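**Q** Structure supplied as query39.txt; contents: compact mmCIF, C-alpha atoms and all ligand atoms.
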# COMPACT_ATOMS: atom_id res chain seq x y z
CA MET U 1 100.49 108.75 95.37
CA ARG U 2 99.32 107.28 92.09
CA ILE U 3 100.26 103.66 91.53
CA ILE U 4 99.59 101.06 88.84
CA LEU U 5 99.51 97.34 89.57
CA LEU U 6 100.37 95.46 86.38
CA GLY U 7 100.00 91.71 86.37
CA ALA U 8 98.03 88.66 85.26
CA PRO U 9 94.89 87.08 86.79
CA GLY U 10 95.52 85.54 90.22
CA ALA U 11 98.86 87.41 90.41
CA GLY U 12 98.19 88.86 93.86
CA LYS U 13 97.12 92.39 92.88
CA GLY U 14 93.81 92.32 94.72
CA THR U 15 95.51 90.93 97.83
CA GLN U 16 98.45 93.36 97.78
CA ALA U 17 96.16 96.31 97.23
CA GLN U 18 94.65 95.92 100.71
CA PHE U 19 97.95 96.40 102.48
CA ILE U 20 98.87 99.36 100.24
CA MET U 21 95.49 101.07 100.56
CA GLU U 22 95.72 101.26 104.35
CA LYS U 23 99.50 101.61 104.27
CA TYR U 24 99.26 104.76 102.18
CA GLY U 25 95.71 105.94 102.56
CA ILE U 26 94.94 105.79 98.84
CA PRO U 27 91.66 104.43 97.40
CA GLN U 28 91.95 101.05 95.73
CA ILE U 29 90.49 101.45 92.25
CA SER U 30 89.80 97.99 90.83
CA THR U 31 87.99 97.96 87.48
CA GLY U 32 87.17 94.28 87.86
CA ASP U 33 85.81 94.60 91.38
CA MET U 34 83.90 97.73 90.34
CA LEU U 35 82.53 95.88 87.33
CA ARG U 36 81.63 92.88 89.46
CA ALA U 37 79.31 94.95 91.66
CA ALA U 38 78.05 97.19 88.84
CA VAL U 39 76.37 94.18 87.26
CA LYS U 40 75.54 92.85 90.74
CA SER U 41 73.10 95.78 90.67
CA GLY U 42 72.11 95.74 87.01
CA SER U 43 73.16 99.30 86.22
CA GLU U 44 74.05 99.71 82.55
CA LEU U 45 77.58 100.84 83.38
CA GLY U 46 77.62 97.16 84.26
CA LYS U 47 75.08 94.47 83.31
CA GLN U 48 76.28 94.05 79.70
CA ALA U 49 79.69 93.15 81.11
CA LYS U 50 78.68 89.96 82.94
CA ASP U 51 78.76 87.89 79.75
CA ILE U 52 82.11 89.24 78.55
CA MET U 53 83.66 88.84 82.03
CA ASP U 54 82.31 85.33 82.52
CA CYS U 55 83.47 84.24 79.06
CA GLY U 56 86.94 85.41 80.12
CA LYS U 57 87.06 88.25 77.57
CA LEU U 58 87.84 91.95 78.15
CA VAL U 59 85.40 94.78 78.70
CA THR U 60 85.63 97.64 76.16
CA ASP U 61 88.22 100.36 76.79
CA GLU U 62 85.62 103.11 76.54
CA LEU U 63 83.74 101.64 79.50
CA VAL U 64 86.59 101.24 81.96
CA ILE U 65 88.15 104.51 80.80
CA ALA U 66 84.93 106.34 81.61
CA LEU U 67 84.47 104.33 84.80
CA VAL U 68 87.92 105.31 86.03
CA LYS U 69 87.77 108.96 84.96
CA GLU U 70 84.66 109.23 87.11
CA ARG U 71 86.16 107.35 90.04
CA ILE U 72 89.39 109.39 90.04
CA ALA U 73 87.28 112.54 90.15
CA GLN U 74 85.84 111.75 93.62
CA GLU U 75 87.29 113.74 96.54
CA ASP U 76 89.05 110.68 97.96
CA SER U 77 91.19 110.39 94.83
CA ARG U 78 92.56 113.91 95.08
CA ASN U 79 95.58 112.64 97.02
CA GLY U 80 96.28 109.70 94.77
CA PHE U 81 94.84 106.29 93.98
CA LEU U 82 95.67 102.65 93.38
CA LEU U 83 94.93 101.29 89.92
CA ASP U 84 94.42 97.51 90.13
CA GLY U 85 93.48 96.00 86.78
CA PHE U 86 93.63 99.28 84.87
CA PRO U 87 95.02 99.99 82.42
CA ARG U 88 94.77 96.57 80.73
CA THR U 89 95.45 97.79 77.17
CA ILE U 90 97.61 100.31 75.31
CA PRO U 91 94.49 102.31 74.38
CA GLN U 92 93.61 102.48 78.08
CA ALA U 93 97.20 103.46 78.80
CA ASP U 94 97.29 106.16 76.14
CA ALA U 95 93.87 107.29 77.36
CA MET U 96 95.59 108.22 80.62
CA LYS U 97 98.31 110.25 78.94
CA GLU U 98 95.84 112.24 76.84
CA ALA U 99 94.14 112.70 80.19
CA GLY U 100 97.49 114.00 81.40
CA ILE U 101 97.42 111.73 84.44
CA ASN U 102 101.01 111.03 85.40
CA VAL U 103 101.61 108.00 87.65
CA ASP U 104 104.25 107.56 90.37
CA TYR U 105 104.73 103.80 90.24
CA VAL U 106 103.73 100.96 87.97
CA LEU U 107 104.31 97.69 89.84
CA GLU U 108 104.80 94.57 87.71
CA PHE U 109 103.50 91.43 89.42
CA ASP U 110 105.51 88.46 88.16
CA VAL U 111 103.75 85.07 88.35
CA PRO U 112 103.99 81.88 86.19
CA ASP U 113 100.62 81.11 84.59
CA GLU U 114 101.30 77.71 86.13
CA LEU U 115 100.43 79.01 89.62
CA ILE U 116 97.51 81.04 88.34
CA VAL U 117 95.14 78.13 87.69
CA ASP U 118 95.92 76.32 90.97
CA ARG U 119 95.65 79.68 92.66
CA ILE U 120 92.27 80.88 91.39
CA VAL U 121 90.54 77.57 92.15
CA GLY U 122 90.66 77.93 95.93
CA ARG U 123 90.04 81.65 95.75
CA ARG U 124 87.15 82.70 97.94
CA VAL U 125 86.28 86.37 98.00
CA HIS U 126 84.10 88.87 99.79
CA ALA U 127 82.59 90.73 96.87
CA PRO U 128 81.88 94.19 98.51
CA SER U 129 85.36 94.87 99.87
CA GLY U 130 87.27 93.17 97.10
CA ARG U 131 88.97 91.32 99.97
CA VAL U 132 90.06 87.88 98.85
CA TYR U 133 91.38 84.59 100.25
CA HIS U 134 92.53 81.08 99.30
CA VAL U 135 91.28 77.86 100.88
CA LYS U 136 94.94 76.92 101.32
CA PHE U 137 97.43 79.72 100.63
CA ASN U 138 95.61 82.56 102.39
CA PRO U 139 92.57 81.30 104.39
CA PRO U 140 90.25 83.39 106.52
CA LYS U 141 90.23 82.85 110.30
CA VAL U 142 86.81 81.23 109.73
CA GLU U 143 85.75 79.09 106.77
CA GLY U 144 83.44 80.60 104.18
CA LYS U 145 83.40 83.84 106.15
CA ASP U 146 85.01 87.27 105.75
CA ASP U 147 87.49 88.30 108.43
CA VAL U 148 86.38 91.93 108.65
CA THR U 149 82.64 91.71 108.25
CA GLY U 150 82.23 88.08 109.16
CA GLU U 151 79.95 88.03 106.13
CA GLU U 152 80.00 84.82 104.04
CA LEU U 153 82.56 84.53 101.22
CA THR U 154 81.84 83.60 97.61
CA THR U 155 83.61 82.34 94.49
CA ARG U 156 83.71 84.13 91.15
CA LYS U 157 81.68 82.84 88.21
CA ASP U 158 84.75 83.49 86.05
CA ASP U 159 87.14 81.50 88.26
CA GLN U 160 86.07 78.45 86.26
CA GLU U 161 89.25 76.60 85.25
CA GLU U 162 88.70 77.06 81.51
CA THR U 163 87.72 80.72 81.77
CA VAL U 164 90.87 81.23 83.85
CA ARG U 165 92.82 79.81 80.93
CA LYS U 166 91.17 82.15 78.43
CA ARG U 167 91.70 85.05 80.81
CA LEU U 168 95.44 84.39 81.09
CA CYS U 169 95.89 84.10 77.34
CA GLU U 170 93.88 87.31 77.05
CA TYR U 171 96.33 88.89 79.47
CA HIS U 172 99.52 87.92 77.67
CA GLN U 173 98.00 89.09 74.40
CA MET U 174 96.39 92.43 75.37
CA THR U 175 97.80 93.56 78.73
CA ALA U 176 101.30 92.03 78.75
CA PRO U 177 102.14 94.63 76.04
CA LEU U 178 101.92 97.32 78.73
CA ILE U 179 105.02 95.88 80.40
CA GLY U 180 106.92 97.23 77.41
CA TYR U 181 104.77 100.37 77.23
CA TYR U 182 105.41 101.58 80.75
CA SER U 183 109.06 100.46 80.49
CA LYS U 184 109.58 102.98 77.74
CA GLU U 185 107.58 105.45 79.88
CA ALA U 186 110.13 104.63 82.55
CA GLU U 187 113.18 105.07 80.32
CA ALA U 188 111.65 108.52 79.75
CA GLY U 189 111.25 109.54 83.39
CA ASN U 190 107.45 109.50 83.20
CA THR U 191 107.14 106.97 86.00
CA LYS U 192 109.18 104.75 88.29
CA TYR U 193 108.78 101.12 87.14
CA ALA U 194 109.36 98.04 89.34
CA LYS U 195 108.95 94.25 89.14
CA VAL U 196 107.97 92.03 92.08
CA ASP U 197 107.99 88.30 92.63
CA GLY U 198 104.36 87.33 93.14
CA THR U 199 105.20 83.73 94.04
CA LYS U 200 106.23 84.55 97.62
CA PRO U 201 103.71 84.26 100.44
CA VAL U 202 101.49 87.32 100.79
CA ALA U 203 103.59 88.66 103.64
CA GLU U 204 106.85 88.34 101.71
CA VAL U 205 105.31 90.18 98.79
CA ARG U 206 103.92 92.72 101.24
CA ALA U 207 107.54 93.26 102.31
CA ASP U 208 108.81 93.85 98.79
CA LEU U 209 106.16 96.49 98.18
CA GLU U 210 106.94 98.22 101.49
CA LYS U 211 110.58 98.12 100.38
CA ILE U 212 109.65 99.69 97.07
CA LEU U 213 107.07 102.13 98.46
CA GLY U 214 108.27 103.30 101.91
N1 LIG U 301 90.69 97.76 82.23
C1 LIG U 301 89.90 96.70 81.84
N2 LIG U 301 89.62 96.48 80.55
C2 LIG U 301 88.85 95.46 80.16
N3 LIG U 301 88.34 94.60 81.04
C3 LIG U 301 88.58 94.75 82.36
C4 LIG U 301 89.38 95.83 82.81
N4 LIG U 301 89.46 95.75 84.15
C5 LIG U 301 88.79 94.72 84.56
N5 LIG U 301 88.22 94.06 83.50
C6 LIG U 301 87.38 92.84 83.57
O1 LIG U 301 87.25 92.44 84.96
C7 LIG U 301 87.20 91.01 85.01
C8 LIG U 301 87.72 90.54 86.36
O2 LIG U 301 89.15 90.44 86.32
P1 LIG U 301 89.75 91.35 87.49
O3 LIG U 301 89.15 91.02 88.79
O4 LIG U 301 89.45 92.88 87.14
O5 LIG U 301 91.34 91.13 87.56
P2 LIG U 301 91.75 89.56 87.29
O6 LIG U 301 92.25 89.36 85.78
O7 LIG U 301 90.60 88.66 87.49
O8 LIG U 301 92.97 89.20 88.30
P3 LIG U 301 92.39 88.49 89.64
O9 LIG U 301 91.27 89.41 90.35
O10 LIG U 301 91.81 87.19 89.27
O11 LIG U 301 93.61 88.20 90.67
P4 LIG U 301 94.12 89.55 91.40
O12 LIG U 301 95.72 89.64 91.27
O13 LIG U 301 93.52 90.75 90.75
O14 LIG U 301 93.67 89.50 93.00
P5 LIG U 301 94.30 88.21 93.79
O15 LIG U 301 95.61 87.83 93.24
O16 LIG U 301 94.50 88.61 95.32
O17 LIG U 301 93.29 86.95 93.71
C9 LIG U 301 94.03 85.77 93.29
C10 LIG U 301 94.19 84.68 94.39
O18 LIG U 301 95.57 84.56 94.70
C11 LIG U 301 95.76 84.40 96.14
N6 LIG U 301 97.04 85.03 96.46
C12 LIG U 301 97.34 86.37 96.40
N7 LIG U 301 98.58 86.56 96.73
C13 LIG U 301 99.15 85.38 97.03
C14 LIG U 301 100.44 84.97 97.43
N8 LIG U 301 101.44 85.90 97.60
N9 LIG U 301 100.67 83.65 97.65
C15 LIG U 301 99.71 82.74 97.49
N10 LIG U 301 98.48 83.09 97.10
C16 LIG U 301 98.17 84.37 96.86
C17 LIG U 301 94.55 85.12 96.79
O19 LIG U 301 94.15 84.46 97.99
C18 LIG U 301 93.44 85.02 95.70
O20 LIG U 301 92.51 83.97 96.02
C19 LIG U 301 88.07 90.49 83.85
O21 LIG U 301 87.47 89.34 83.25
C20 LIG U 301 88.15 91.68 82.89
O22 LIG U 301 87.58 91.37 81.61
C1 LIG U 302 81.91 82.74 75.89
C2 LIG U 302 83.30 82.95 75.28
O1 LIG U 302 84.30 82.96 76.00
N1 LIG U 302 83.36 83.12 73.93
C3 LIG U 302 84.58 83.54 73.23
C4 LIG U 302 85.60 82.40 73.17
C5 LIG U 302 85.21 81.12 72.67
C6 LIG U 302 86.09 79.99 72.59
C7 LIG U 302 87.44 80.08 73.01
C8 LIG U 302 88.36 78.98 72.94
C9 LIG U 302 89.72 79.09 73.38
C10 LIG U 302 90.25 80.31 73.90
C11 LIG U 302 91.59 80.47 74.34
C12 LIG U 302 92.04 81.73 74.85
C13 LIG U 302 91.19 82.88 74.96
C14 LIG U 302 89.84 82.83 74.55
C15 LIG U 302 88.93 83.93 74.62
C16 LIG U 302 87.56 83.82 74.19
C17 LIG U 302 87.03 82.60 73.66
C18 LIG U 302 87.93 81.40 73.55
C19 LIG U 302 89.35 81.51 74.00
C1 LIG U 303 95.63 84.47 73.90
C2 LIG U 303 94.20 84.75 73.51
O1 LIG U 303 93.47 85.36 74.27
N1 LIG U 303 93.78 84.28 72.33
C3 LIG U 303 92.62 84.86 71.66
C4 LIG U 303 91.69 83.78 71.14
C5 LIG U 303 92.16 82.46 70.90
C6 LIG U 303 91.35 81.42 70.41
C7 LIG U 303 89.99 81.61 70.11
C8 LIG U 303 89.15 80.59 69.61
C9 LIG U 303 87.77 80.80 69.31
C10 LIG U 303 87.15 82.07 69.50
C11 LIG U 303 85.78 82.34 69.21
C12 LIG U 303 85.25 83.64 69.43
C13 LIG U 303 86.02 84.73 69.94
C14 LIG U 303 87.39 84.57 70.25
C15 LIG U 303 88.24 85.61 70.76
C16 LIG U 303 89.62 85.38 71.05
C17 LIG U 303 90.24 84.11 70.86
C18 LIG U 303 89.41 82.98 70.33
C19 LIG U 303 87.98 83.21 70.03
MG MG U 304 91.98 91.54 91.68
Kindly present the structure from the file in structure tokens form.
Ligand SMILES: Nc1ncnc2c1ncn2[C@@H]1O[C@H](COP(=O)(O)OP(=O)(O)OP(=O)(O)OP(=O)(O)OP(=O)(O)OC[C@H]2O[C@@H](n3cnc4c(N)ncnc43)[C@H](O)[C@@H]2O)[C@@H](O)[C@H]1O
Ligand SMILES: *CC(=O)NCc1ccc2ccc3cccc4ccc1c2c34
Ligand SMILES: *CC(=O)NCc1ccc2ccc3cccc4ccc1c2c34
Ligand SMILES: [Mg+2]
**A**
Amino acid sequence: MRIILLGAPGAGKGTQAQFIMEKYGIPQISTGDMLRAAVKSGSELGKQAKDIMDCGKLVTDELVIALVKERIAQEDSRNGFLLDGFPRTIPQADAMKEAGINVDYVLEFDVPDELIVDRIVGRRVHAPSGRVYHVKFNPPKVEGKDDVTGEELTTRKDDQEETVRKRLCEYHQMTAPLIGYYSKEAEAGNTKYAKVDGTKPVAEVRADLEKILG
């Protein structure tokens, strides 16, 4: 299974990926998460991505395209994978076609930018796993601590209210176009396309996916 999660910042993608990953045994490929910890090491394959990411801007296609091609290669991606955050641009999308990588589903996460900003404020994450929470909507059994590792949670540098704004705008301008892209790709039998309401509680959304995935 090869799936694409399309949607804006704070839409639920990270969260929903957990469920899916274990639900279908496919590796969760998250360009943002991967980029977060690539700079968290220094590695140029990262580093010069901290500034762009913190400013709310997008990383170059080349970079994420290369990053994903490598990731997909691994032996745990031979049975499929979950693309969360990629592709985020037509060039990244086309890059996949030239690569001949057909995708089973492209899930559209529908969420009003209005929720976004109230949603990313209370977002506390656990860097390493990608696992994420909300100090109100989806809290961890223990405050400031990861449920699985019990390791302390953090907050993203880029979750700054204003950067969140930029990020959203960036989305609607660069990524949003993929909604139309993959729709066409759908009206051409190159992938099954499906929208989801990301404003339901995590569990409700988790139901919708199950419903759409099996
Ligand atoms: N291909 C590419 N090209 C160029 N640049 C790229 C790139 N890929 C990545 N990047 C760079 O990477 C950087 C990081 O962005 P990135 O991390 O890659 O994606 P994002 O734009 O930041 O979207 P978010 O991670 O903020 O939200 P999410 O939907 O992914 O996860 P979740 O919703 O659970 O987290 C949101 C919050 O919502 C809460 N939540 C989730 N579901 C629900 C629900 N159903 N109800 C209530 N609350 C919920 C959660 O608790 C959580 O706290 C970007 O700046 C970008 O430039
Ligand atoms: C550090 C940084 O983000 N620099 C680029 C930049 C500067 C000012 C802005 C003012 C208003 C904006 C609204 C939407 C997106 C966006 C993206 C980059 C901006 C910027 C933005
Ligand atoms: C919706 C969106 O992302 N808009 C792009 C954008 C808007 C306003 C700006 C104001 C000042 C700026 C200075 C440097 C870079 C930059 C990049 C995108 C901007 C923007 C920018
Ligand atoms: Mg995410």
**Q** Can you work out which one of U:169, U:116, U:212, U:101 has the shortest atom-to-atom distance to ligand LIG 303 (chain U), counting only C-alpha atoms and all ligand atoms?
**A**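 Of U:169, U:116, U:212, U:101, the one nearest ligand LIG 303 (chain U) is U:169, counting only C-alpha atoms and all ligand atoms.
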**Q** Record the distance separating atom CA of residue 87 of chain U and atom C13 of ligand LIG 302 (chain U), expressed in Å with one decimal.
**A** 19.1 Å
**Q** Please identify all protein, DNA and RNA residues within 8 Å of ligand LIG 302 (chain U), counting all atoms listed in the file, and report them as a list in words.
**A** residues 51, 52, 54, 55, 56, 57, 163, 165, 166, 167, 168, 169 and 170 of chain U
**Q** So, with only C-alpha atoms as the atoms that count, which of U:107, U:48, U:130, U:12 lies closest to residue 192 of chain U?
**A**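 Looking at the shortest contact to residue 192 of chain U, the residue is U:107.
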**Q** Between atom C4 of ligand LIG 301 (chain U) and atom CA of residue 95 of chain U, what is the spacing in Å?
**A**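 Separating atom CA of residue 95 of chain U from atom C4 of ligand LIG 301 (chain U) is a distance of 13.5 Å.
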**Q** If I take atom CA of residue 83 of chain U and atom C6 of ligand LIG 303 (chain U), how far is one from the other in Å, to one decimal?
**A**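 These atoms are spaced 28.1 Å apart.
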**Q** Kindly indicate which residue among U:61, U:75, U:187, U:146 lies nearest to ligand LIG 301 (chain U), using all atoms listed in the file for the distances.
**A**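 Smallest distance to ligand LIG 301 (chain U) is found for U:61.
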**Q** Around segment 189-200 of chain U, fit a box with edges along x, y and z, padding it by 8 Å on each side, then list its centre and edge lengths in Å to one decimal as AutoDock Vina command-line options.
**A**
--center_x 107.8 --center_y 96.6 --center_z 90.4 --size_x 22.9 --size_y 41.8 --size_z 30.4
**Q** Which residue gives the smallest distance to ligand LIG 301 (chain U) among U:41, U:155, U:191, U:183, with only C-alpha atoms and all ligand atoms counted?
**A** U:155
**Q** Using all atoms listed in the file, can you tell me which of U:117, U:174, U:72, U:45 comes closest to ligand LIG 303 (chain U)?
**A**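 The answer is U:174, which sits nearest to ligand LIG 303 (chain U).
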**Q** Compute the set of protein, DNA and RNA residues whose minimum atom distance to ligand MG 304 (chain U) is at most 12 Å, using all atoms listed in the file, and state it as a VMD selection string.
**A** chain U and resid 5 to 18 28 to 36 82 to 86 109 120 123 to 127 129 to 133 156 159
**Q** Counting all atoms listed in the file, which of U:58, U:103, U:3, U:73 gets nearest to ligand LIG 303 (chain U)?
**A**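 Residue with the minimum atom-to-atom distance to ligand LIG 303 (chain U): U:58.
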**Q** Extract, using all atoms listed in the file, all DNA, RNA and protein residues at most 7 Å from residue 111 of chain U, discarding same-chain residues fewer than 6 positions from it, and format them as a count of residues only.
**A** 4
**Q** Because some atoms of segment 190-204 of chain U are absent here, can you restore N, CA, C and O atoms and send them as a PDB file, in the frame of the given file?
**A**
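Ended up saving to part12.pdb:
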ATOM      1  N   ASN U 190     108.868 109.205  82.997  1.00  0.00           N
ATOM      2  CA  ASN U 190     107.450 109.500  83.200  1.00  0.00           C
ATOM      3  C   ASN U 190     106.821 108.666  84.299  1.00  0.00           C
ATOM      4  O   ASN U 190     105.626 108.789  84.578  1.00  0.00           O
ATOM      5  N   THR U 191     107.625 107.818  84.927  1.00  0.00           N
ATOM      6  CA  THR U 191     107.140 106.970  86.000  1.00  0.00           C
ATOM      7  C   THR U 191     108.249 106.048  86.473  1.00  0.00           C
ATOM      8  O   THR U 191     109.137 105.689  85.698  1.00  0.00           O
ATOM      9  N   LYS U 192     108.204 105.675  87.748  1.00  0.00           N
ATOM     10  CA  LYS U 192     109.180 104.750  88.290  1.00  0.00           C
ATOM     11  C   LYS U 192     108.548 103.374  88.074  1.00  0.00           C
ATOM     12  O   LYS U 192     107.402 103.149  88.463  1.00  0.00           O
ATOM     13  N   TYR U 193     109.284 102.465  87.441  1.00  0.00           N
ATOM     14  CA  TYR U 193     108.780 101.120  87.140  1.00  0.00           C
ATOM     15  C   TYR U 193     109.499 100.060  88.001  1.00  0.00           C
ATOM     16  O   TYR U 193     110.710 100.130  88.202  1.00  0.00           O
ATOM     17  N   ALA U 194     108.754  99.072  88.495  1.00  0.00           N
ATOM     18  CA  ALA U 194     109.360  98.040  89.340  1.00  0.00           C
ATOM     19  C   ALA U 194     108.651  96.680  89.357  1.00  0.00           C
ATOM     20  O   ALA U 194     107.440  96.592  89.572  1.00  0.00           O
ATOM     21  N   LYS U 195     109.436  95.625  89.146  1.00  0.00           N
ATOM     22  CA  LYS U 195     108.950  94.250  89.140  1.00  0.00           C
ATOM     23  C   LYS U 195     108.920  93.691  90.564  1.00  0.00           C
ATOM     24  O   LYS U 195     109.645  94.162  91.441  1.00  0.00           O
ATOM     25  N   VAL U 196     108.074  92.686  90.786  1.00  0.00           N
ATOM     26  CA  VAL U 196     107.970  92.030  92.080  1.00  0.00           C
ATOM     27  C   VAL U 196     107.693  90.551  91.877  1.00  0.00           C
ATOM     28  O   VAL U 196     107.000  90.165  90.937  1.00  0.00           O
ATOM     29  N   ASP U 197     108.236  89.719  92.750  1.00  0.00           N
ATOM     30  CA  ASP U 197     107.990  88.300  92.630  1.00  0.00           C
ATOM     31  C   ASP U 197     106.676  87.956  93.341  1.00  0.00           C
ATOM     32  O   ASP U 197     106.600  87.969  94.570  1.00  0.00           O
ATOM     33  N   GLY U 198     105.648  87.654  92.559  1.00  0.00           N
ATOM     34  CA  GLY U 198     104.360  87.330  93.140  1.00  0.00           C
ATOM     35  C   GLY U 198     104.201  85.900  93.617  1.00  0.00           C
ATOM     36  O   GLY U 198     103.100  85.507  94.009  1.00  0.00           O
ATOM     37  N   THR U 199     105.281  85.121  93.606  1.00  0.00           N
ATOM     38  CA  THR U 199     105.200  83.730  94.040  1.00  0.00           C
ATOM     39  C   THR U 199     105.611  83.544  95.505  1.00  0.00           C
ATOM     40  O   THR U 199     105.711  82.419  95.985  1.00  0.00           O
ATOM     41  N   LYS U 200     105.870  84.641  96.208  1.00  0.00           N
ATOM     42  CA  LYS U 200     106.230  84.550  97.620  1.00  0.00           C
ATOM     43  C   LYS U 200     104.922  84.583  98.425  1.00  0.00           C
ATOM     44  O   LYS U 200     103.859  84.906  97.891  1.00  0.00           O
ATOM     45  N   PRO U 201     104.974  84.193  99.709  1.00  0.00           N
ATOM     46  CA  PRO U 201     103.710  84.260 100.440  1.00  0.00           C
ATOM     47  C   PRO U 201     103.296  85.728 100.487  1.00  0.00           C
ATOM     48  O   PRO U 201     104.118  86.625 100.286  1.00  0.00           O
ATOM     49  N   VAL U 202     102.015  85.966 100.742  1.00  0.00           N
ATOM     50  CA  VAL U 202     101.490  87.320 100.790  1.00  0.00           C
ATOM     51  C   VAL U 202     102.367  88.273 101.568  1.00  0.00           C
ATOM     52  O   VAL U 202     102.674  89.367 101.094  1.00  0.00           O
ATOM     53  N   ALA U 203     102.756  87.851 102.768  1.00  0.00           N
ATOM     54  CA  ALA U 203     103.590  88.660 103.640  1.00  0.00           C
ATOM     55  C   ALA U 203     104.913  89.040 102.991  1.00  0.00           C
ATOM     56  O   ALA U 203     105.336  90.197 103.060  1.00  0.00           O
ATOM     57  N   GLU U 204     105.571  88.068 102.362  1.00  0.00           N
ATOM     58  CA  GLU U 204     106.850  88.340 101.710  1.00  0.00           C
ATOM     59  C   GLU U 204     106.670  89.379 100.624  1.00  0.00           C
ATOM     60  O   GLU U 204     107.486  90.288 100.481  1.00  0.00           O
TER      61      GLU U 204
END
